[PDB]
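Single-structure report; data block below.
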Amino acid sequence: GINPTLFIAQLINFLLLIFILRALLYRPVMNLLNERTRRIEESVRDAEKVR
Amino acid sequence: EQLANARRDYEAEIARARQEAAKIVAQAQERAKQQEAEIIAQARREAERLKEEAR
């Protein structure tokens, strides 16, 4: 048998730790999105400059 | 920087075109004076030749 109190305690700490990582995940997602936007804008601006 | 330079290049093309247009007129005036003088000098020799033939 397994006491549900121990299972909930580990899950609660993991959920809070995952919540902190969620903020970290949100920041890396924004940084990756910003890199894509900068690269896309660079390609679009490059075509206009040549024309 | 290329996008900013592209605007500068576009302005440079207009400035270079105006400079070439002024240079073309300046070259034309200088060339016309020399071309007219060279033709007159040849015709002056012909004028002496015509006078020599007449005499």
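A few points about this structure:
- Taking each DSSP H run with n ≥ 4 as -39500 (n - 2.57) and averaging over every residue of chain A yields -34500 deg cm²/dmol at 222 nm.
- Simple spin-label estimate for residue A:13 and residue A:47 in nanometres, 7 Å along Cα-Cβ: 5.4 nm
- The Cα center of region A:12-36 and the Cα center of chain B differ in position by 71 Å.
- In chain A, the chymotrypsin sites (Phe, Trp or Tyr not before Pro) that fall in loop regions by DSSP, at most 15 other Cβ within 10 Å: none
- Projecting the Cα atoms of A:32, B:27, A:10 onto the dipole axis of the protein assembly as shown, where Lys and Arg carry +1 and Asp and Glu carry -1 at the beta carbon, places A:10 farthest toward the positive end.
- On Cα atoms only, tilt of A:4-50 relative to the major axis of chain A in degrees: 0 degrees
- Each stretch of four or more DSSP H residues adds -39500 (n - 2.57); spread over every residue of chain B, this sum gives -36000 deg cm²/dmol at 222 nm.
- Rounded if a/c under 1.5, otherwise prolate or oblate - chain B, Cα gyration tensor axes: prolate
- Inter-site label distance for residue B:28 and residue B:50 at 7 Å from Cα along Cβ, in nm: 3.0 nm
- 3J(HN,Hα) along region B:12-25: 5, 4, 5, 5, 5, 5, 5, 5, 5, 4, 5, 5, 5, 5 Hz, from the Karplus curve 6.51 cos²θ - 1.76 cosθ + 1.60 with θ = phi - 60°, whole Hz, x for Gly and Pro.
Read-outs: derived from the displayed coordinates by stated rules, not from any lab. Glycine also receives a Cβ, built like all others from the backbone with ideal geometry; neighbour counts cover every protein chain displayed.
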